[PDB]
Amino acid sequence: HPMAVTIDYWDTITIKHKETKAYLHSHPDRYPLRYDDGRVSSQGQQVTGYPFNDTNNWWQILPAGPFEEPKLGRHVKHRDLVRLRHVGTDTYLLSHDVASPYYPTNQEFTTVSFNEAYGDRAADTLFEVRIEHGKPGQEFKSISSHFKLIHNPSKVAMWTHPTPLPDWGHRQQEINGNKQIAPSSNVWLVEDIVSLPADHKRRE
C-alpha cells in the first residue's frame, strides 16, 4: 500500500479505531470532579475519540526513556514502549488506576505535562505498541500495522466504544483501559504520518 510506511520516533501520526473509525483525540477540557454515580475523576485533560479530521487528532510518537533531542530514522518496532505527545496541547498520554467515565472497571486515560511525563509519573506514560500478528523486530507501519496499545504498568488496552460521552465531553467517544486484551475492539491503526511530507524519500 503506498500509504503504508514505517513509522519513526518523532513522527506525528493519527491513530484511528478500526471498528468505530474514531480518531484518538484530546483538547483542553477536563474530566468533571464527579460522575453521575458519585465517583471521583482525576480532573485531568480529556482523551476522546473524534470522528472528524482536525489538528487535535495529532500525536507525536516518542521514545520511552529519558528525554533526548530528536533523531532521524529510528523505526518504531513491535512491542516497543512509546510515549504519545498531543501536539495541540503539548501534553503526554497517561493512564492510571482511576476509574473511567462510564466503566468503573476500566482505567481513565488523560494527559500530563512534560515535567510529569519525564518525572514522577513517567511509568504511567509508557505504552506498548503490540502489532496484530507481529513478529520480533517487525517495523510499525502506517495503514498495515493494526495494533493494540497496552499500558505498560497495568496491561490495560486502549479501548473505545460508540455511546457518546455527555455534553461535558463534547459528545465524543470515551477512551479507557480495557482489562481484556483479546477483543477486536482494542484494535487501532495509524492512518497518516502527518509530519512526513508527500515528497519525502521515506515514501518512495
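For every residue, the number given is its place in the sequence shown, counted from 1.
Check your understanding: For the C-alpha atoms alone, is the average B factor greater in 150-158 or in 30-38, going by the entry?
Key -> The deposited B-factors put 30-38 ahead on the C-alpha mean.
**Study point:** 66-74 or 43-51, whichever carries the higher mean Cα B-factor
**Key:** In the deposited entry, the stretch with the higher C-alpha B-factor mean is 66-74.
Exercise for review: Tell me, please, which of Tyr92, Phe109, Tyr118, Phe127 has the highest C-alpha B factor according to the deposited entry?
Suggested key: Highest CA B-factor of the listed options: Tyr118.
Practice item. Pull the Cα B-factor of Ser145 out of the PDB entry and bin it into the chain's lowest, middle or highest third. Key: Answer is middle: the recorded C-alpha B-factor places it there.
Point to revise | Ranked C-alpha temperature factor of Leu81 among modelled chain residues, by third | key: Middle third.
Check your understanding: How does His25 rank on Cα B-factor within its chain, lowest, middle or highest third?
Key -> Tercile = lowest for this residue's CA B-factor.
Practice item. Comparing against every modelled residue in the chain, figure out the third that the C-alpha B-factor of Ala123 lands in (lowest, middle or highest). Key: Highest third.
Check your understanding: If you rank the chain by CA B-factor, which third does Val187 end up in: lowest, middle or highest?
Key -> Tercile = middle for this residue's CA B-factor.
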